[PDB]
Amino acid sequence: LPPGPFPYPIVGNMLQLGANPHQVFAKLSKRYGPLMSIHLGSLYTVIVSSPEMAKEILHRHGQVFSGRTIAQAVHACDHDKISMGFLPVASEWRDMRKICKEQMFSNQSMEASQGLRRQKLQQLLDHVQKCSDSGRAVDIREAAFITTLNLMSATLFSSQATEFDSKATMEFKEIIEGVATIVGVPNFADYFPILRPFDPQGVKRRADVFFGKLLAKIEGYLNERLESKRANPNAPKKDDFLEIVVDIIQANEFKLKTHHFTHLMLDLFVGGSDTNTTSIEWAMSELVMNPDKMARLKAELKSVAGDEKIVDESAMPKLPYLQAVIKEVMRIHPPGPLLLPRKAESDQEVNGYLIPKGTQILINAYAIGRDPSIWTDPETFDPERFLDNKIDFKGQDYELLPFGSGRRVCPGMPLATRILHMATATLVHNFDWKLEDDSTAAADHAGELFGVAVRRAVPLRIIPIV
């Protein structure tokens, strides 16, 4: 087996992991190497912490390591048996992946939804404008959370709401926060198989309530769309994912049930919410703490957009520094520092070590992104490192893997980048920013809180001015 720290009886290595396990794993792998055995109680795991080992796992043996480890929380409303996120690579997963690649996240579909997202960006602009008149600090975590939910809801459901914090949006927010509280804590049933039948912390029960809330809303949206399409055959076709769902269902070309689609929408909606929310916050935090970089991005946006307030997504090719800024946030602050787990579908040898069937595989993208043997000055925020650099986060550069790579690489990347780039551009272009209070500024920026997505323990509070 790969080398690693001595595992104690019963608990394995679990007692050493602390509040930020990805940081502990990063330091451990400096000692034990880029393939490292960790015993999460009885859940045997191997940590991957090199670009070289990530390529061996995700690409050379990408089919063997194509499975997922499935947390007990994921069994809520039998999501584990329906979900593109957790099914094994097989016909049903392949069909759902094809639907996302060729129809939902196509260039054609992303361009068609650009206007839906533009109005949500305008709503964000207006909201921040009021705080700026008042002189009030903006809580960037909450602003990014609402904006991301609004942008996701627009793209997936064409949600209407003229208010920034609409009641539909705030119900989504309640649900997403609830899922994060549940999953964001250790479920001992995940680590001790004798406890699974018992659900001793009620994690799966509590997850059922939130998953059910979300599926109920999605099923309602789907049924409403089906009825309005039936009643209004001549109305223009909407440019959202729900329209695509409906057409695919009624064309009946896929061996997929209705719940595959509702659960896919669930997966996509939750998929883009904490991830973009924390990333937007980190982007603003890095820029506020590195005023030279804030100035350089402002200068680019001024040059390209000038007096326009809302950048078109179509303009992204003209904004290389904005792209470099987001790459650099992804390098330092991958929202999931250990990505989503993979699983060995069979015994496999890697670098002379046996990786047994069923091993949980965690890619420590965070460690790789901060490894000094790979990145110069790894702890410094330096977007310029990506200018005229062909390294990207699409999965082909194993130094930068915030979205994974190989078989299960994030299918929502096309939408995520549009959200990240535009939310950042809107905030940076239209206001200057100061910390509400800079007395513990460095500590506020460094302090991470682990969870579904790793985020600043202290929410960023900054005052907008013009």
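Just count from 1 along the sequence shown to find any residue number.
Residue stretch of maximal mean CA temperature factor, 219-227 vs 281-289: Stretch with the higher mean C-alpha B-factor: 219-227.
Per the entry, higher mean C-alpha B factor between 265-273 and 334-342: Between 334-342 and 265-273, it is 265-273.
Deposited CA B-factor, highest of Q348, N364, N150, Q119: Going by the entry's C-alpha B-factors, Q119 comes out highest.
Of the residues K298, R385, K81, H127, the one carrying the largest Cα B-factor as recorded: Answer for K298, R385, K81, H127: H127, with the highest C-alpha B-factor.
Among modelled residues of the same chain, the CA temperature factor third for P5: CA B-factor rank for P5: middle third.
Chain thirds of CA B-factor: placement of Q160: Within its chain, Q160 is a highest-third residue by C-alpha B-factor, going by the deposited values.
Ranked against its chain, the third holding the CA B-factor of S439: Ranked within chain, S439 CA B lands in the highest tercile.
Relative C-alpha B-factor of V179, binned into the chain's lowest, middle or highest third: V179: CA B-factor falls in the highest third of its chain.
Among modelled residues of the same chain, the CA temperature factor third for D190: Its C-alpha B-factor belongs to the lowest third of this chain's values.
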